[PDB]
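Quick notes on the structure that follows.
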Amino acid sequence: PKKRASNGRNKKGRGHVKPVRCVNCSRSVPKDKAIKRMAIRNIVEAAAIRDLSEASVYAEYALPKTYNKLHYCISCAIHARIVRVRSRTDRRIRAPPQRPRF
Amino acid sequence: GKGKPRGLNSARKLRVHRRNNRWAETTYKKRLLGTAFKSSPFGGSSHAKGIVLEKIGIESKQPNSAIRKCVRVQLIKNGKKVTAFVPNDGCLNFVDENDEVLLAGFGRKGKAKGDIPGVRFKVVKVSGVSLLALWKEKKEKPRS
Amino acid sequence: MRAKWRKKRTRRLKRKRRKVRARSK
Amino acid sequence: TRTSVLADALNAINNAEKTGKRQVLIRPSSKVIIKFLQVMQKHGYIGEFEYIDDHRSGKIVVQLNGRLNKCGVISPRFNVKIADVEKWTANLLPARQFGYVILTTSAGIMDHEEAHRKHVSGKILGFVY
Amino acid sequence: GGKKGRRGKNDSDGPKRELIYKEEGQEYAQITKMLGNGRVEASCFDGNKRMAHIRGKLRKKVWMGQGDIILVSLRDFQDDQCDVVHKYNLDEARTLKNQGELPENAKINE
RNA sequence: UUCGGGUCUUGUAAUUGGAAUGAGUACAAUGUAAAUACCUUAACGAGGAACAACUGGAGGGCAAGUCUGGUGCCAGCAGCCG
RNA sequence: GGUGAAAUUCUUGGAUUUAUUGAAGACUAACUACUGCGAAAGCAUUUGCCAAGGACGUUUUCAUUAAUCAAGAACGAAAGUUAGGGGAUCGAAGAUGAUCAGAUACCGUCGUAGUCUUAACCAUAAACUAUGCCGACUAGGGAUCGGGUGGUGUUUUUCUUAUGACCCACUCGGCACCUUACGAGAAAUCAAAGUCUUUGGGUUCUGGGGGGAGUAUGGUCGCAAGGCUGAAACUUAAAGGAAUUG
RNA sequence: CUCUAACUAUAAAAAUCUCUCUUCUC
Ligand SMILES: [Mg+2]
Ligand SMILES: [Mg+2]
Ligand SMILES: [Mg+2]
Ligand SMILES: [Mg+2]
Ligand SMILES: [Mg+2]
Ligand SMILES: [Mg+2]
Ligand SMILES: [Mg+2]
Ligand SMILES: [Mg+2]
Ligand SMILES: [Mg+2]
Ligand SMILES: [Mg+2]
Ligand SMILES: [Mg+2]
Ligand SMILES: [Mg+2]
Ligand SMILES: [Mg+2]
Ligand SMILES: [Mg+2]
Ligand SMILES: [Mg+2]
Ligand SMILES: [Mg+2]
Ligand SMILES: [Mg+2]
Ligand SMILES: [Mg+2]
Ligand SMILES: [Mg+2]
Ligand SMILES: [Mg+2]
Ligand SMILES: [Mg+2]
Ligand SMILES: [Mg+2]
Ligand SMILES: [Mg+2]
Ligand SMILES: [Mg+2]
Ligand SMILES: [Mg+2]
Ligand SMILES: [Zn+2]
């Protein structure tokens, strides 16, 4: 039976979208059923911020960030802990998991 | 509103649609194709005589463990050969080899009944006399 | 069994039967 | 496309009655709708309707009072012989004490009892009760 | 082994049973080949190869393999087929071998 | 007052009586072209009223047994479930 | 290199990485969304040309010219087939190196056909919203795309204004969405799967238990692959749908 | 009745299983 009224795709009026590959297993999966995660982070972690600051010329370097949108498959997304199985009454909710920190 | 047409001048397509759909049934298809006359062991026949060829028993299905005592009979009307079942405790011995036996339907519309595989016909009479009269010793086999 | 592989096995039977008929046509 | 206009009118009446309203706005407003609602007025199943001239098919505003429970067209206007009137009443009306199979005879659009009184019968339009 | 055993009848006849002989149609035979559908092929000690049904009280109650002495009941109406009725566990089979109810040319020993 | 008459009736018992009657035979007559047969009717014709009603079924569907003996997944039954 | 871990493989003829560059072919990242166009497949770099199209605006024009459709036709993903062109990547077959009891499977390295194209075929997909099309009505809440109306609205700046971009309100059309049952369902659920025993708006196609079987045969299309049409004999008491507790 | 910030990141191998299922009424 229908487990998802949206079918998981989130297409609703296209018929076909262009697939994208998984970052882990390289699964040719449609771009909308290709759960996306925008990893924006520091090129140097908080573990080495002090070390870099003490041992860097150009006092108060901006310490540029790194940006990458990861296109996971769905099997990896279940397994690589990105997305989790949910209650059938919890599948309703599409909001992100409540603002990890405020 | 519905798949069928509804106009006052749509009798033709309604009739032909019903006529084309009637073939989906099994009774109507059998009656019109005349499969009973051509392929069935008897053509529209409730009873049929035959000659006993050999005297075999067949094991039952899984939930039922036994060997039902049947008999292979070659029909006289056309020459077909069918297995048939002698229905009672001590009736196998009553029918002897190479005697005329009158087979009847098995009651399940020409299909195997119960736990007995590959049989579709009872045995009602043997050598002119009925099985039920022999089983209660009301009549005896003429032994001709 | 899958309908796919039953279909393919039927197609291979048709392979052999078509080659046989073409030999004897 | 709009094939049977009276069907649209009666469907609108049914929908606006089931929801508990007291008025309907029927758009196309032909002769047959006017006669049908006039018969319903004569028998009380409807209130005080209204024709709104548009110079284009007009419209109708229907007032209800909750007395009606179901309209409905017999979309193929079957030729109903005077012998088959009783069969239609049995198949459509819920009881013999009331209900009316509105049918169009050569003497106009009339309820089945009136047609049986005139001893005339024609095609069937719909049913009200 | 398994949890099946506790569901069983627990019919423990381990002690030496008294072997059953052949009676007016019941005859000894040897399993030649194992077939499917719970049916076996038995070479009887008469020069014939009968087809013997794995039979009630014997189907999933005792497990029998190739080259097993066996007792089988015939059917007078059909001689070709028969029914396996009892199985001898290789000890009383030796006793019958010495007493020689069966031709001794059929030597089956571990 | 235990009762209990059974005061008022309804069944069960190889107890026990008196009746009625055909199914059969059969003088006749009717019937029929002639005969059967039917309607009528002499004379016989019921006590175990032997003048003897079977056909299927008794787990459910489906009314009626978890009584007795026999066979032990045999024999067999069972339209289906069993 | 690569991996769970290894090995096959390339390397002091100096590989792997290091800087400029050059060649080829494919692709069009990030922008990319419960967003758009299209009859469906499908469509994502810029610019020009070619014609086409939906929606809106219209006190413009014809007046039933329309809806659905047997026969007939046009397109029809990927794969595949003939030839000509290319030939980067990735990779059916194959070659091996591993893992295993076996592994000619999954992990790995090479690797033809193919992938990319110009003509000619093919006409099948879980070609799915598993919901035919046209038409009417029925219930509340926001947003979103295209168009159009009004604002004594706001920033814009070209002194003011005209645009544009927003803000508020309304309307038409579209992909959609939230809540709810007062309706429908065997329910999962559906704002249509409602207005269906209170049964009839028009209309096309399909199904009558499972298997045999989308098989055989007979046509027909195709070079071939295969497509369309398409049973029975026989066998079976179930197969199946949704949901509840383990 | 007033607000848009923090972050990572594992995938060795594991095949198979035979009986036998049994009433719910005050
Ligand atoms: Mg599932
Ligand atoms: Mg998703
Ligand atoms: Mg669209
Ligand atoms: Mg057997
Ligand atoms: Mg125990
Ligand atoms: Mg009786
Ligand atoms: Mg009986
Ligand atoms: Mg009995
Ligand atoms: Mg009863
Ligand atoms: Mg170098
Ligand atoms: Mg781009
Ligand atoms: Mg867009
Ligand atoms: Mg067509
Ligand atoms: Mg191609
Ligand atoms: Mg080529
Ligand atoms: Mg390989
Ligand atoms: Mg290998
Ligand atoms: Mg590989
Ligand atoms: Mg490669
Ligand atoms: Mg198809
Ligand atoms: Mg389909
Ligand atoms: Mg069928
Ligand atoms: Mg099928
Ligand atoms: Mg053909
Ligand atoms: Mg299920
Ligand atoms: Zn993956």
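Naming works like this for the structure tokens: A, B, ... for the chains as they're shown, residue 1 at the start of each chain, ligands 1 onward in shown order.
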
(request) Using only C-alpha atoms (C1' of nucleotides), determine which residues lie at most 8 Å from residue 99 in chain D, disregarding the query and same-chain residues fewer than 2 positions distant; provide the list as a list in words. (result)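 With the cut-off at 8 Å, the set is residues 93, 94, 95, 96, 97, 101, 127, 128 and 129 of chain D.
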
(message) Could you list the protein, DNA and RNA residues that have any atom within 8 Å of ligand 10, counting only C-alpha atoms (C1' of nucleotides) and all ligand atoms, and write them as number ranges by chain?
(response) G: 14-18

Next, the residues of the selection above should be written as a PDB file, in the first residue's frame with C-alpha atoms (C1' of nucleotides).
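Final file, out.pdb:
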ATOM      1  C1'   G G  14      61.736   8.015 -12.488  1.00  0.00           C
ATOM      2  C1'   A G  15      55.543   6.658 -11.765  1.00  0.00           C
ATOM      3  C1'   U G  16      51.902   9.115  -7.610  1.00  0.00           C
ATOM      4  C1'   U G  17      51.604  13.762  -6.983  1.00  0.00           C
ATOM      5  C1'   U G  18      54.001  19.859  -9.074  1.00  0.00           C
TER       6        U G  18
END

(request) List every residue of range 5-111 of chain B that DSSP, applied to the backbone of this structure, assigns to strand (DSSP E or B), and report them as an MDAnalysis selection string. (result) chainID B and resid 47:54 57:59 67:75 81:85 100:105

(request) Fewer than 3 positions away in the same chain doesn't count, so skip those; otherwise give me all residues within 12 Å of residue 237 in chain G, counting only C-alpha atoms (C1' of nucleotides), as an MDAnalysis selection string. (result) (chainID B and resid 112:115) or (chainID F and resid 80:81) or (chainID G and resid 209:210)

Take the selection from the previous step and output its residues with N, CA and C atoms (P, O5', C5', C4', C3', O3' and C1' of nucleotides), as a PDB file, in the first residue's frame.
ATOM      1  N   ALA B 112     -12.034 -33.375  -9.405  1.00  0.00           N
ATOM      2  CA  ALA B 112     -11.658 -34.314  -8.356  1.00  0.00           C
ATOM      3  C   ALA B 112     -12.266 -33.903  -7.021  1.00  0.00           C
ATOM      4  N   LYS B 113     -12.825 -34.876  -6.309  1.00  0.00           N
ATOM      5  CA  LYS B 113     -13.514 -34.629  -5.051  1.00  0.00           C
ATOM      6  C   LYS B 113     -12.651 -35.048  -3.870  1.00  0.00           C
ATOM      7  N   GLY B 114     -12.566 -34.165  -2.880  1.00  0.00           N
ATOM      8  CA  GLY B 114     -11.886 -34.504  -1.641  1.00  0.00           C
ATOM      9  C   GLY B 114     -10.398 -34.717  -1.825  1.00  0.00           C
ATOM     10  N   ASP B 115      -9.914 -35.846  -1.307  1.00  0.00           N
ATOM     11  CA  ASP B 115      -8.490 -36.136  -1.207  1.00  0.00           C
ATOM     12  C   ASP B 115      -8.013 -37.110  -2.277  1.00  0.00           C
TER      13      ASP B 115
ATOM     14  P     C F  80     -15.917 -32.355  -1.635  1.00  0.00           P
ATOM     15  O5'   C F  80     -15.840 -30.968  -0.858  1.00  0.00           O
ATOM     16  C5'   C F  80     -15.478 -29.769  -1.526  1.00  0.00           C
ATOM     17  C4'   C F  80     -15.558 -28.596  -0.584  1.00  0.00           C
ATOM     18  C3'   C F  80     -14.750 -28.739   0.697  1.00  0.00           C
ATOM     19  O3'   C F  80     -13.401 -28.335   0.530  1.00  0.00           O
ATOM     20  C1'   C F  80     -16.962 -28.089   1.226  1.00  0.00           C
ATOM     21  P     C F  81     -12.230 -29.008   1.401  1.00  0.00           P
ATOM     22  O5'   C F  81     -12.496 -28.483   2.880  1.00  0.00           O
ATOM     23  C5'   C F  81     -12.348 -27.107   3.198  1.00  0.00           C
ATOM     24  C4'   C F  81     -12.725 -26.828   4.630  1.00  0.00           C
ATOM     25  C3'   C F  81     -12.060 -27.709   5.674  1.00  0.00           C
ATOM     26  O3'   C F  81     -10.742 -27.299   5.992  1.00  0.00           O
ATOM     27  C1'   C F  81     -14.376 -27.570   6.121  1.00  0.00           C
TER      28        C F  81
ATOM     29  P     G G 209     -13.447 -16.197 -12.653  1.00  0.00           P
ATOM     30  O5'   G G 209     -13.145 -16.097 -11.093  1.00  0.00           O
ATOM     31  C5'   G G 209     -12.549 -14.934 -10.536  1.00  0.00           C
ATOM     32  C4'   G G 209     -11.602 -15.288  -9.420  1.00  0.00           C
ATOM     33  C3'   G G 209     -10.236 -15.801  -9.851  1.00  0.00           C
ATOM     34  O3'   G G 209      -9.327 -14.750 -10.137  1.00  0.00           O
ATOM     35  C1'   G G 209     -11.148 -17.262  -8.236  1.00  0.00           C
ATOM     36  P     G G 210      -8.143 -14.957 -11.204  1.00  0.00           P
ATOM     37  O5'   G G 210      -7.143 -15.966 -10.484  1.00  0.00           O
ATOM     38  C5'   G G 210      -6.413 -15.570  -9.333  1.00  0.00           C
ATOM     39  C4'   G G 210      -5.527 -16.681  -8.831  1.00  0.00           C
ATOM     40  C3'   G G 210      -4.576 -17.286  -9.851  1.00  0.00           C
ATOM     41  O3'   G G 210      -3.399 -16.517 -10.023  1.00  0.00           O
ATOM     42  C1'   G G 210      -5.663 -19.012  -8.648  1.00  0.00           C
TER      43        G G 210
END

(message) Any residue with an atom at most 10 Å from ligand 23 counts, using only C-alpha atoms (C1' of nucleotides) and all ligand atoms. Which are they? Put them as a PyMOL selection string.
(response) (chain C and resi 3) or (chain G and resi 210-214)

How would the residues just picked look written out with N, CA, C and O atoms (P, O5', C5', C4', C3', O3' and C1' of nucleotides) as a PDB file, in the first residue's frame?
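Result file is again_39.pdb:
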ATOM      1  N   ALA C   3       8.908 -12.665 -12.472  1.00  0.00           N
ATOM      2  CA  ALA C   3       8.310 -12.648 -13.803  1.00  0.00           C
ATOM      3  C   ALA C   3       9.344 -12.315 -14.869  1.00  0.00           C
ATOM      4  O   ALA C   3       9.242 -12.791 -16.006  1.00  0.00           O
TER       5      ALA C   3
ATOM      6  P     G G 210      -8.143 -14.957 -11.204  1.00  0.00           P
ATOM      7  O5'   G G 210      -7.143 -15.966 -10.484  1.00  0.00           O
ATOM      8  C5'   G G 210      -6.413 -15.570  -9.333  1.00  0.00           C
ATOM      9  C4'   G G 210      -5.527 -16.681  -8.831  1.00  0.00           C
ATOM     10  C3'   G G 210      -4.576 -17.286  -9.851  1.00  0.00           C
ATOM     11  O3'   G G 210      -3.399 -16.517 -10.023  1.00  0.00           O
ATOM     12  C1'   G G 210      -5.663 -19.012  -8.648  1.00  0.00           C
ATOM     13  P     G G 211      -2.744 -16.348 -11.480  1.00  0.00           P
ATOM     14  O5'   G G 211      -2.208 -17.806 -11.833  1.00  0.00           O
ATOM     15  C5'   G G 211      -1.176 -18.401 -11.063  1.00  0.00           C
ATOM     16  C4'   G G 211      -1.066 -19.884 -11.316  1.00  0.00           C
ATOM     17  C3'   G G 211      -0.693 -20.306 -12.727  1.00  0.00           C
ATOM     18  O3'   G G 211       0.699 -20.207 -12.972  1.00  0.00           O
ATOM     19  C1'   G G 211      -2.443 -21.681 -11.894  1.00  0.00           C
ATOM     20  P     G G 212       1.239 -19.761 -14.417  1.00  0.00           P
ATOM     21  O5'   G G 212       0.751 -20.926 -15.390  1.00  0.00           O
ATOM     22  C5'   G G 212       1.274 -22.242 -15.267  1.00  0.00           C
ATOM     23  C4'   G G 212       0.516 -23.228 -16.122  1.00  0.00           C
ATOM     24  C3'   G G 212       0.466 -22.920 -17.609  1.00  0.00           C
ATOM     25  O3'   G G 212       1.641 -23.329 -18.288  1.00  0.00           O
ATOM     26  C1'   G G 212      -1.699 -23.491 -16.845  1.00  0.00           C
ATOM     27  P     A G 213       2.063 -22.634 -19.673  1.00  0.00           P
ATOM     28  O5'   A G 213       1.598 -21.120 -19.505  1.00  0.00           O
ATOM     29  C5'   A G 213       2.447 -20.151 -18.898  1.00  0.00           C
ATOM     30  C4'   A G 213       1.912 -18.755 -19.094  1.00  0.00           C
ATOM     31  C3'   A G 213       1.385 -18.079 -17.832  1.00  0.00           C
ATOM     32  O3'   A G 213       1.543 -16.667 -17.959  1.00  0.00           O
ATOM     33  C1'   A G 213      -0.371 -18.308 -19.379  1.00  0.00           C
ATOM     34  P     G G 214       2.889 -15.939 -17.469  1.00  0.00           P
ATOM     35  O5'   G G 214       3.098 -14.773 -18.535  1.00  0.00           O
ATOM     36  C5'   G G 214       1.985 -14.045 -19.049  1.00  0.00           C
ATOM     37  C4'   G G 214       1.540 -14.581 -20.389  1.00  0.00           C
ATOM     38  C3'   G G 214       2.345 -14.099 -21.595  1.00  0.00           C
ATOM     39  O3'   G G 214       2.417 -15.147 -22.559  1.00  0.00           O
ATOM     40  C1'   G G 214       0.079 -13.514 -21.875  1.00  0.00           C
TER      41        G G 214
END

(request) For each of A:9, A:79, A:88, A:16, take the minimum atom-to-atom distance to residue 33 in chain A, counting only C-alpha atoms, then give the residue where this is smallest. (result)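 Comparing A:9, A:79, A:88, A:16 against residue 33 in chain A, the winner is A:9.
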
Residues within 10 Å of ligand 1 should be enumerated using only C-alpha atoms (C1' of nucleotides) and all ligand atoms and returned as a PDB file with N, CA and C atoms, in the first residue's frame.
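Contents of the output file result-v3.pdb:
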ATOM      1  N   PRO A   1       0.827  -1.207   0.000  1.00  0.00           N
ATOM      2  CA  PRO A   1       0.000   0.000   0.000  1.00  0.00           C
ATOM      3  C   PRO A   1       0.859   1.254   0.000  1.00  0.00           C
ATOM      4  N   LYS A   2       0.244   2.417  -0.193  1.00  0.00           N
ATOM      5  CA  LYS A   2       0.982   3.668  -0.093  1.00  0.00           C
ATOM      6  C   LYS A   2       1.561   3.837   1.302  1.00  0.00           C
ATOM      7  N   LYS A   3       2.886   3.744   1.404  1.00  0.00           N
ATOM      8  CA  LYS A   3       3.551   4.161   2.631  1.00  0.00           C
ATOM      9  C   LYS A   3       3.743   5.669   2.663  1.00  0.00           C
TER      10      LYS A   3
END

(message) I need the chain G residues near chain D as a list in words; criterion: at most 9 Å, counting only C-alpha atoms (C1' of nucleotides).
(response)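 Close enough to count are residues 66, 67, 134, 135, 136, 137, 138, 182, 195, 198, 200, 201 and 202 of chain G.
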
(request) Identify all residues of chain C in helix (DSSP H, G or I) (DSSP on the backbone) and supply them as an MDAnalysis selection string. (result) chainID C and resid 3:23

(request) Considering only C-alpha atoms (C1' of nucleotides), extract the chain H residues located within 12 Å of chain E and return them as a list in words. (result) residues 17, 18, 19, 20 and 21 of chain H

(message) With only C-alpha atoms (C1' of nucleotides) considered, list every residue of chain A at most 7 Å from chain G, as a PyMOL selection string.
(response) chain A and resi 1+10+12-13

(request) Please check which protein, DNA or RNA residues sit within 12 Å of ligand 16, counting only C-alpha atoms (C1' of nucleotides) and all ligand atoms, and write them as a ChimeraX atom specification. (result) /G:92-97,103-106,108,111

Go ahead and write the selection's residues with C-alpha atoms (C1' of nucleotides) as a PDB file, in the first residue's frame.
ATOM      1  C1'   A G  92      26.917  -6.138 -20.780  1.00  0.00           C
ATOM      2  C1'   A G  93      30.371  -9.849 -22.472  1.00  0.00           C
ATOM      3  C1'   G G  94      35.179 -11.239 -21.546  1.00  0.00           C
ATOM      4  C1'   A G  95      40.580 -11.160 -18.732  1.00  0.00           C
ATOM      5  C1'   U G  96      41.916 -11.695 -14.127  1.00  0.00           C
ATOM      6  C1'   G G  97      43.279 -10.403  -8.427  1.00  0.00           C
ATOM      7  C1'   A G 103      31.752 -17.781  -6.413  1.00  0.00           C
ATOM      8  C1'   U G 104      33.022 -17.986 -14.072  1.00  0.00           C
ATOM      9  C1'   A G 105      28.292 -13.145  -7.923  1.00  0.00           C
ATOM     10  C1'   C G 106      28.638  -8.897  -4.751  1.00  0.00           C
ATOM     11  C1'   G G 108      39.181  -4.452  -7.305  1.00  0.00           C
ATOM     12  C1'   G G 111      38.315  -4.238 -20.729  1.00  0.00           C
TER      13        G G 111
END

Test item: residues no farther than 12 Å from ligand 7, counting only C-alpha atoms (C1' of nucleotides) and all ligand atoms, as a PDB file with N, CA and C atoms (P, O5', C5', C4', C3', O3' and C1' of nucleotides), in the first residue's frame:
ATOM      1  N   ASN B  88     -17.516 -47.479  -1.311  1.00  0.00           N
ATOM      2  CA  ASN B  88     -18.019 -48.205  -0.102  1.00  0.00           C
ATOM      3  C   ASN B  88     -16.896 -49.024   0.544  1.00  0.00           C
ATOM      4  N   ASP B  89     -17.170 -49.626   1.705  1.00  0.00           N
ATOM      5  CA  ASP B  89     -16.184 -50.436   2.415  1.00  0.00           C
ATOM      6  C   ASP B  89     -15.717 -51.620   1.579  1.00  0.00           C
TER       7      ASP B  89
ATOM      8  P     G F  56     -30.641 -44.798   0.173  1.00  0.00           P
ATOM      9  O5'   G F  56     -30.360 -43.302   0.634  1.00  0.00           O
ATOM     10  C5'   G F  56     -29.330 -43.006   1.562  1.00  0.00           C
ATOM     11  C4'   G F  56     -29.492 -41.622   2.131  1.00  0.00           C
ATOM     12  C3'   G F  56     -28.712 -41.330   3.401  1.00  0.00           C
ATOM     13  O3'   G F  56     -27.360 -40.991   3.150  1.00  0.00           O
ATOM     14  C1'   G F  56     -30.942 -40.591   3.657  1.00  0.00           C
ATOM     15  P     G F  57     -26.219 -41.377   4.213  1.00  0.00           P
ATOM     16  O5'   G F  57     -26.468 -40.377   5.428  1.00  0.00           O
ATOM     17  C5'   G F  57     -26.327 -38.974   5.256  1.00  0.00           C
ATOM     18  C4'   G F  57     -26.994 -38.205   6.368  1.00  0.00           C
ATOM     19  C3'   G F  57     -26.451 -38.441   7.769  1.00  0.00           C
ATOM     20  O3'   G F  57     -25.281 -37.690   8.041  1.00  0.00           O
ATOM     21  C1'   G F  57     -28.811 -38.546   7.809  1.00  0.00           C
ATOM     22  P     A F  58     -24.238 -38.194   9.154  1.00  0.00           P
ATOM     23  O5'   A F  58     -24.958 -37.874  10.538  1.00  0.00           O
ATOM     24  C5'   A F  58     -25.224 -36.536  10.934  1.00  0.00           C
ATOM     25  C4'   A F  58     -25.807 -36.477  12.323  1.00  0.00           C
ATOM     26  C3'   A F  58     -25.013 -37.193  13.405  1.00  0.00           C
ATOM     27  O3'   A F  58     -23.965 -36.395  13.921  1.00  0.00           O
ATOM     28  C1'   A F  58     -27.299 -37.787  13.568  1.00  0.00           C
ATOM     29  P     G F  76     -11.632 -50.197   1.567  1.00  0.00           P
ATOM     30  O5'   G F  76     -12.955 -49.321   1.456  1.00  0.00           O
ATOM     31  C5'   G F  76     -12.922 -47.922   1.684  1.00  0.00           C
ATOM     32  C4'   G F  76     -13.717 -47.553   2.908  1.00  0.00           C
ATOM     33  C3'   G F  76     -14.429 -46.212   2.868  1.00  0.00           C
ATOM     34  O3'   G F  76     -15.624 -46.210   2.108  1.00  0.00           O
ATOM     35  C1'   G F  76     -13.262 -46.368   4.882  1.00  0.00           C
ATOM     36  P     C F  77     -15.954 -44.953   1.162  1.00  0.00           P
ATOM     37  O5'   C F  77     -16.510 -43.859   2.175  1.00  0.00           O
ATOM     38  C5'   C F  77     -17.573 -44.178   3.056  1.00  0.00           C
ATOM     39  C4'   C F  77     -17.757 -43.129   4.123  1.00  0.00           C
ATOM     40  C3'   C F  77     -18.079 -41.726   3.642  1.00  0.00           C
ATOM     41  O3'   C F  77     -19.433 -41.554   3.262  1.00  0.00           O
ATOM     42  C1'   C F  77     -16.412 -41.617   5.306  1.00  0.00           C
ATOM     43  P     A F  78     -19.799 -40.652   1.981  1.00  0.00           P
ATOM     44  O5'   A F  78     -19.197 -39.218   2.330  1.00  0.00           O
ATOM     45  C5'   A F  78     -19.754 -38.426   3.367  1.00  0.00           C
ATOM     46  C4'   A F  78     -18.889 -37.229   3.676  1.00  0.00           C
ATOM     47  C3'   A F  78     -18.578 -36.317   2.502  1.00  0.00           C
ATOM     48  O3'   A F  78     -19.629 -35.423   2.187  1.00  0.00           O
ATOM     49  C1'   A F  78     -16.584 -36.797   3.639  1.00  0.00           C
TER      50        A F  78
END
